[PDB]
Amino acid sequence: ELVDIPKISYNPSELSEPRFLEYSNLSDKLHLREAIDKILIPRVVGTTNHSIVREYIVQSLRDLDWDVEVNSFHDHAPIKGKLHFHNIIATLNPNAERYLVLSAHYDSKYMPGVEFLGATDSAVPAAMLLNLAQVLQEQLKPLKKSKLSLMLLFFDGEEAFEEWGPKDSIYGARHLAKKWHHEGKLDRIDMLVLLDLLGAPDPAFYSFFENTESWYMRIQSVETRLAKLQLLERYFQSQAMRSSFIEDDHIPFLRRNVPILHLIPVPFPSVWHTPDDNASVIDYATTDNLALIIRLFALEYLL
């Protein structure tokens, strides 16, 4: 299962001390909390709430001068039948040649009679991405015009409607990876960074994929550097995990040799797919720290 990551993959934080200090002190706690609050509502595909959450994501980023495409399509799910799914694709430069993609799923799992909020899964991850664009507004402006740019991708229909299987999960990612495959729009992904199950306490991360192990070690180094500077209020292990075959929105991209960085803890939060994955499970020290590490990774990668 676990192997120590070899030195060849170490990839220390590169930002200059003044820039690392400057950027690591950018935050917006209130906005992060407000974004969480707006998304932390039952949001099953096809519900009014599902549309409201899409609108909030869409308008938040449009107001930050991002280009936002909504990829709408129909597909049949068990129980529900014909559903209208809506992936959200936000770019700072819509005419960039290449992208770092940060992603999370915005739907919540259909759990009859239970108003499942999916706080970690993935209300908090989506919020971290809105918060990232909000916090780093100034520093990301250059990426509106550059060849390498940033994409925030919000997947729809990640969750199963009946029982998690290859045909009853990741509805939006399966459609989009297929669509981009056909349109020749997958090679442009430097890597797809997928945030999932974040916001609960004591997350442990591991590198899942050897072609991105090096950029995992850049996040690990960001975390180390922040610890040393007293900027955190450890998560990333210097170990990789093989034959874990965790299924999520990345799979249809992974299958087609898009490099994945899967930011999902192992073990999953204890409250996973229970009603306790709600407002009360969110650890806001952990959430602030993770959001920061991810914001700095993004800046490390993109400059």
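Numbering starts at 1 and runs along the sequence shown.
- In the deposited sequence, the stretch from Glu233 to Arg234 hides 10 or more residues that have no coordinates.
- Looking at 21-29 and 289-297 together, the entry lists the larger mean B-factor for 21-29, computed on C-alpha atoms.
- In this entry, 34-42 shows the higher mean Cα temperature factor of the pair 34-42 and 255-263.
- The PDB entry assigns its highest CA temperature factor, among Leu198, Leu153, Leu229, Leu92, to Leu229.
- As recorded in the entry, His182 carries the highest CA temperature factor of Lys109, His182, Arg188, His105.
- Ranked within its chain, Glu159 lands in the lowest third, by CA B factor from the PDB record.
- In the PDB entry, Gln239 places in the middle third of its chain by CA B-factor.
- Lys167: CA B factor lies in the highest third for its chain, per the PDB record.
- Sort the chain's modelled residues by C-alpha temperature factor and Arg218 lands in the lowest third, per the entry.
- Per the PDB record, residue ranking by Cα B-factor puts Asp248 in the lowest third of the chain.
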